[PDB]
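Asker: Dropping a structure here in structure tokens format, bear with me for questions.
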Amino acid sequence: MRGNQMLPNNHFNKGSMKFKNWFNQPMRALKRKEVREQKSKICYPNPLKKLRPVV
Amino acid sequence: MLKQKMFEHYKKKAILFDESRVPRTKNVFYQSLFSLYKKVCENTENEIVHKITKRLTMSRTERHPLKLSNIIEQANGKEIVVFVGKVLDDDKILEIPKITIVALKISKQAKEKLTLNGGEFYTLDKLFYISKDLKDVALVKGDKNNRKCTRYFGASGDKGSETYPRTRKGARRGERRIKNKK
Amino acid sequence: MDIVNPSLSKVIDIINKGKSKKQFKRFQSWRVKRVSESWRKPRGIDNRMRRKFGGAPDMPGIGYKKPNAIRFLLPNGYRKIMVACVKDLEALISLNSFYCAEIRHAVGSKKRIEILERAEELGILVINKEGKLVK
Amino acid sequence: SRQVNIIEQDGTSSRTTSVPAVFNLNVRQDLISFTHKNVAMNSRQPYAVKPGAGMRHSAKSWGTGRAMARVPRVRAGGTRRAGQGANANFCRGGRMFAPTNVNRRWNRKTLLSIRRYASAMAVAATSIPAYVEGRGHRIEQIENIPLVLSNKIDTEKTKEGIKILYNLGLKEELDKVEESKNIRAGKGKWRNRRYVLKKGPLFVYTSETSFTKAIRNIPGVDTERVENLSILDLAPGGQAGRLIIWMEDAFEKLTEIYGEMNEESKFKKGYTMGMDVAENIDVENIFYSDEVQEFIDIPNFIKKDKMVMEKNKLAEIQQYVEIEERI
Amino acid sequence: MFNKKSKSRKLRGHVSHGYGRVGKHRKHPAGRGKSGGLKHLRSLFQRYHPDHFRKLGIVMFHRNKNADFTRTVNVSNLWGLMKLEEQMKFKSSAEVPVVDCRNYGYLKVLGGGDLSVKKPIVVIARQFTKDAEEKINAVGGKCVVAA
Amino acid sequence: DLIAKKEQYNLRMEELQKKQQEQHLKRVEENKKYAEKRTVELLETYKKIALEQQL
RNA sequence: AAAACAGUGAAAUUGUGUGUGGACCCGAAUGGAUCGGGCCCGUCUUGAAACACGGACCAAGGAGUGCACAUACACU
């Protein structure tokens, strides 16, 4: 270690650590859209969401 | 006799444009403007023109910005002011004197304020129309030393040093200045 | 082919006889077959060529570069341009005083005939004129 | 500014329209290129080698004293594989240096303000003849730019659709695309990228119409909506000035989308159309103006000769004569 | 510039990759992490980080950020909170503006500079400095404390 | 308009170049005549200075 | 473990024929004897032609990379 820096503190020591990637993000968005649409048919005239209070 | 002649030559050569410098931007509108000033320099000795041409070649960090009130503070009673940089609004001020600014760029909120109080913004291509003999102009400059990152330059473990340590910070955590004077 | 640029006709032989025939072979390419002839600069701590002892060969450098006027000039006194279409010759129409054309190797017989016919009427020198089309 | 003529099915023109304000904006080929580079990287799929390839076998070093290099070697018997060199990157069947890995950063960010500005000046370039010709679209036969097709196009069949496009002068452009088809050079021809074609006209619509499915099978024709017009379609390969067929509704919408000079767009919140540091590329010509010519000073053309020191040449510049005096 | 070639590509053909022939490039010649700091690295610490090896201050085992979070404004900036079109109305008009700092997420008022326009103003906040109060009262304005 | 003004500059400068050139030759010719007379003077004053010492 | 097309068919290495030399390189030449200069590369080292170590020969493979966190510079 040489020169002037903010002293390190990077937590990568643990060999059992898992990584999570997000390559599925656009596809899972499309599935959530298609589930709402079909749910909306099952109860056609009625809104999909209920009324809620203000706090 | 000779010693004076020599020094007066050095002083002159220290002002004039170098002619082996060029701006790094790939912007063709910026490179157009430089070409004009370059062709003026090789046909004149006037110090204001030489200063302007040298400043167009400096980096973004060297072209540090100024706020409207600081221009007026440095204008020292002149009517026209010139600035190779961008003019920003000062939220602390509302009324200003009537003034003409020749500069590179201006922010939306600054331009409105300048106009409401009476006054004009012109781009640097128009300088020669705004002024006939460059006697009524002031030239103004910012300072890159005022960046917040300059507080960390140097060593905090020197005696009498005013510099700040690079540190983690929280409600309790953080390294202090301990070798300064108060 | 025996042709010459008319602007240099009385000078071309002086120029040609003046060109160097020096070669800069890689050090020890004569000793082992696994080292090719292509130049690489020696970087050893002990190396006799890098240290410029008398009796070792010479190294490349800027001093050997030819005068700016003579450089790139073919022995017939022209510079060369590559062509592969009829529409390429159209570029040379202003430059035919100093430049000549060389048809690319992959252009086939049927097309070459069309290039040469156009070259004749425009007045452009083609240096591969015989080419494959001798038969 | 100018008016522009609308074109009906039969090629007649009668009604006319003003031109949107976006078309007066100057063009920055630096920013168009930068934006193209970043956005083009957002469509990639990840690739990597298998997570422990090259490391399967039971291997150990023999250590010194055996007259062999101390690489790990394969433990086996009965096969020629016994004693061969195992795990390292310099070994046949070993593991590669720094195996490629899924955690790499595939996409790239670009500021929303730059994306908006780049698309605005790409739209502008679609109406300068120098740029359109420069991309390689051929427009010798086209009467005027831009083209604006009317509504009340009642076309439903490709047969009648082509007749319309021919009447606008596009024949040579379309032919240039059809004749272009060729098989790609290199390994890409094995990986589902077999044929390459030249780019042609883009059609831009805003309102749903039958004309869209009448023109689409013609090679090199491309279609997009004005409200979601992309820089990949407007500046292919990062060079600007694609030829565009506007629909009459779409052309009027450009005023709501980009607004007016030194105003704020209602459709794009927080965005306004700006000013360059100089108005034109020609500003070097201001030197010849009266105001400048009064300012400067009269040049000296007379210049000194280079120093010469040869005996004979020097003797004609300085003729020396002896003297007898001894003072 | 937006893109540039790397240094590694120029070092092809040069033996040591720029680490030296005598010194070389070994695995960890100085130790791992920020260790050694009272020993062989004492000179780095005493030059750049002198207040590292210490314990200091009062301790609360749990703290809540929301209960202590605040943001501060100076008197010279009060008129600046209004929009520029609004500023230009109240400058000439006979009426007095009523500015509530809570609406912009400010809770404390400090005494820096002079007021932009020398006419009365009503300022609502949670706390004022002694200098701020005197300056606002000087122009015939009023300070109103509120939650 | 400026493309036309560019021509007036080129014309004006050619006149000025021819003018300055003619003024230069006259100086060069003038200088040659002064130099002839002066060399005859100085070669004689050396001769005088020498006799002063002999005396 | 090895082993694709009954394609193309490099180098190391071998036989036959024709030429030029007696380890070979650089400079300069003859009809013709040759003249002058040159110790074996890579590497640690105050110091290598070394009685310091690695190298029989040819092809193909073969070593500053990716992510996180602060940072100075250039560009928007």
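Asker: Could you list, in sequence order, all residues of the stretch B:18-37 that are more than 16 Å from RNA strand G (Cβ to nearest atom) and buried (at least 18 other Cβ atoms within 10 Å of the Cβ)?
Answerer: Across the stretch B:18-37, the qualifying residues are B:36, B:37.
Asker: Hey, among B:97, B:165, which residue is assigned to a loop (DSSP other than H, G, I, E, B), touching a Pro at 6+ places or on another chain (Cβ under 8 Å) and more than 22 Å from residue B:38 (Cα to Cα)?
Answerer: B:165
Asker: Quick check on residue D:73: is it among the charged types (D, E, K, R), within 53 Å of the chain's Cα centre (by Cα) and within 30 Å of residue D:236 (Cα to Cα)?
Answerer: no
Asker: Hey, another quick one. Could you tell me whether residue B:131 is out of contact with any helix residue (DSSP H, G or I) (no Cβ under 9 Å at 6 or more places or on another chain) and over 27 Å from residue E:92 (Cα atoms)?
Answerer: So residue B:131 passes the test.
Asker: Name the helices (runs of 4 or more DSSP H) wholly within the stretch D:155-252 that hold at least 1 residues that are closer than 16 Å to residue D:7 by Cβ and in contact with a helix residue (DSSP H, G or I) (Cβ under 6 Å, 6 or more places away or on another chain)?
Answerer: Here the list reads D:158-167, D:212-215.
Asker: So, one more: Determine if the stretch A:41-49 includes at least one residue that is within 16 Å of RNA strand G (Cβ to nearest atom) and farther than 30 Å from residue E:47 by Cβ.
Answerer: no
Asker: Now a separate question. Those residues that are more than 13 Å from RNA strand G (Cβ to nearest atom) and either in a helix (DSSP H, G or I) or free of Cβ contacts under 8 Å to residues at least 60 places away in the same chain (or both), I need them from the stretch D:18-44; list them, please.
Answerer: Those that are more than 13 Å from RNA strand G (Cβ to nearest atom) and either in a helix (DSSP H, G or I) or free of Cβ contacts under 8 Å to residues at least 60 places away in the same chain (or both): D:18, D:19, D:21, D:22, D:23, D:24, D:36, D:39, D:40, D:42, D:43.
Asker: Would you please name the residue that is farthest from residue E:20 (Cα to Cα), looking only at residues in the stretch C:9-63 that are out of contact with any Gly (no Cβ under 9 Å at 6 or more places or on another chain) and within 14 Å of chain E (Cβ to nearest Cβ)?
Answerer: Per the stated criteria, the residue is C:38.
Asker: Within the stretch D:19-57, track down each residue that is small (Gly, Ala, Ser) and either surrounded by 12 or more Cβ atoms within 10 Å (Cβ to Cβ) or touching a helix residue (DSSP H, G or I) at 6+ places or on another chain (Cβ under 8 Å) (or both).
Answerer: Matches in the stretch D:19-57: D:21, D:33, D:40, D:53, D:54.
Asker: Examine the stretch B:46-54 for a residue that is within 16 Å of RNA strand G (Cβ to nearest atom) and within 21 Å of the chain's Cα centre (by Cα), and state whether such a residue exists.
Answerer: The answer is yes, given that some residue of the stretch B:46-54 is within 16 Å of RNA strand G (Cβ to nearest atom) and within 21 Å of the chain's Cα centre (by Cα).
Asker: Okay, next question. Given (1) hydrophobic (A, V, I, L, M, F, W, C); (2) under 22 Å from the mean Cα position of the chain (by Cα); (3) farther than 30 Å from residue C:18 by Cβ, identify the lone condition not met by residue C:122.
Answerer: Condition not satisfied by residue C:122: (2).
Asker: If only one of B:135, B:182 is loosely packed, with under 14 Cβ neighbours inside 10 Å, more than 14 Å from chain A (Cβ to nearest Cβ), more than 21 Å from the chain's Cα centre (by Cα) and more than 16 Å from RNA strand G (Cβ to nearest atom), which one is it?
Answerer: Exactly one of B:135, B:182 is loosely packed, with under 14 Cβ neighbours inside 10 Å, more than 14 Å from chain A (Cβ to nearest Cβ), more than 21 Å from the chain's Cα centre (by Cα) and more than 16 Å from RNA strand G (Cβ to nearest atom), namely B:182.
Asker: A further question on this structure: Given the criteria more than 14 Å from chain E (Cβ to nearest Cβ), surrounded by 13 or more Cβ atoms within 10 Å (Cβ to Cβ) and closer than 30 Å to residue B:28 by Cβ, does residue B:99 qualify?
Answerer: no
Asker: Out of (1) over 30 Å from the mean Cα position of the chain (by Cα); (2) more than 10 Å from every other protein chain (Cβ to nearest Cβ); (3) within 22 Å of residue D:285 (Cβ to Cβ); (4) of a type outside the set (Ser, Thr, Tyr), the odd one out for residue F:55 is which?
Answerer: It fails just one condition, (3).
Asker: Applying the selection to the stretch E:20-31, what residues are closer than 30 Å to residue E:45 by Cβ and either touching a residue at least 60 places away in the same chain (Cβ under 8 Å) or more than 14 Å from chain A (Cβ to nearest Cβ) (or both)?
Answerer: If the condition is that a residue be closer than 30 Å to residue E:45 by Cβ and either touching a residue at least 60 places away in the same chain (Cβ under 8 Å) or more than 14 Å from chain A (Cβ to nearest Cβ) (or both), then E:20, E:22, E:24, E:25, E:26, E:27 are the ones that fit.
Asker: Could I ask something else about it? Restrict the check to the stretch E:66-73 and report whether at least one residue is within 15 Å of RNA strand G (Cβ to nearest atom) and aliphatic (A, V, I, L, M).
Answerer: No, the stretch E:66-73 has no match at all.
Asker: Can you pull out every residue in the stretch C:35-93 that is in a loop (DSSP other than H, G, I, E, B), within 30 Å of residue C:8 (Cα to Cα) and among the aromatic types (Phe, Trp, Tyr)?
Answerer: C:72, C:78
Asker: Go through the stretch A:1-34 and report how many residues are under 17 Å from the mean Cα position of the chain (by Cα) and of a type in the set (A, V, I, L, M).
Answerer: Selection size over the stretch A:1-34: 3.
Asker: Of the numbered conditions (1) within 11 Å of chain D (Cβ to nearest Cβ); (2) within 14 Å of residue B:86 (Cα to Cα); (3) of a type in the set (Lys, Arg), residue B:141 satisfies every one except a single condition; which is it?
Answerer: For residue B:141, the exception is condition (1).
Asker: Still on this structure, I have one more. Among (1) surrounded by 12 or more Cβ atoms within 10 Å (Cβ to Cβ); (2) within 30 Å of residue B:165 (Cβ to Cβ), there is one condition residue E:58 misses while meeting the rest; what is its number?
Answerer: Only one criterion in (1) surrounded by 12 or more Cβ atoms within 10 Å (Cβ to Cβ); (2) within 30 Å of residue B:165 (Cβ to Cβ) is unmet by residue E:58, namely (1).
Asker: Considering only residues that are touching a residue at least 12 places away in the same chain (Cβ under 8 Å) and in contact with a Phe, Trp or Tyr (Cβ under 7 Å, 6 or more places away or on another chain), look in the stretch B:12-39 and name the one that is farthest from the other protein chains (Cβ to nearest Cβ).
Answerer: B:23
Asker: Against the condition in a helix (DSSP H, G or I) and within 14 Å of chain E (Cβ to nearest Cβ), how does residue B:115 come out, does it pass?
Answerer: yes
Asker: Considering F:19, F:6, F:47, F:26, which residue is charged (D, E, K, R), more than 10 Å from every other protein chain (Cβ to nearest Cβ) and without any contact (Cβ under 8 Å) to a residue 24 or more places away in the chain?
Answerer: F:26
Asker: Here is a further query. Using beta carbons and a limit of 6 Å, which pairs, at least six apart or on different chains, have the first residue in the stretch D:284-297 and more than 7 Å from chain B (Cβ to nearest Cβ) and the second one of a type in the set (A, V, I, L, M, F, W, C)?
Answerer: Qualifying pairs under 6 Å: D:285/F:2; D:288/F:2.
Asker: So, one more: Only one of D:279, D:260 is more than 10 Å from chain B (Cβ to nearest Cβ), assigned to a loop (DSSP other than H, G, I, E, B) and surrounded by 13 or more Cβ atoms within 10 Å (Cβ to Cβ); which?
Answerer: Just a single option satisfies the conditions, and that option is D:260.
Asker: Here's something else I'd like to know. For the stretch D:62-101, what are the residues that are of a type in the set (A, V, I, L, M, F, W, C) and more than 30 Å from residue A:23 (Cα to Cα)?
Answerer: Answer for the stretch D:62-101, where residues must be of a type in the set (A, V, I, L, M, F, W, C) and more than 30 Å from residue A:23 (Cα to Cα): D:62, D:67, D:68, D:69, D:71, D:74, D:76, D:82, D:86, D:88, D:90, D:91.
Asker: Further, regarding this structure: Go over the candidates E:65, E:34, E:10 one by one and state the one that is away from every other protein chain (no Cβ under 11 Å) and not polar (S, T, N, Q).
Answerer: Sole residue among the options that is away from every other protein chain (no Cβ under 11 Å) and not polar (S, T, N, Q): E:10.
Asker: If you check E:102, E:126, which single one turns out to be out of contact with any helix residue (DSSP H, G or I) (no Cβ under 9 Å at 6 or more places or on another chain) and not hydrophobic (A, V, I, L, M, F, W, C)?
Answerer: Step by step, each of E:102, E:126 is checked, and only E:102 is out of contact with any helix residue (DSSP H, G or I) (no Cβ under 9 Å at 6 or more places or on another chain) and not hydrophobic (A, V, I, L, M, F, W, C).
Throughout, read-outs are computed from the coordinates displayed, never taken from laboratory work. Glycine gets a Cβ as well: all are built from the backbone with ideal geometry, and neighbour counts include every protein chain shown.
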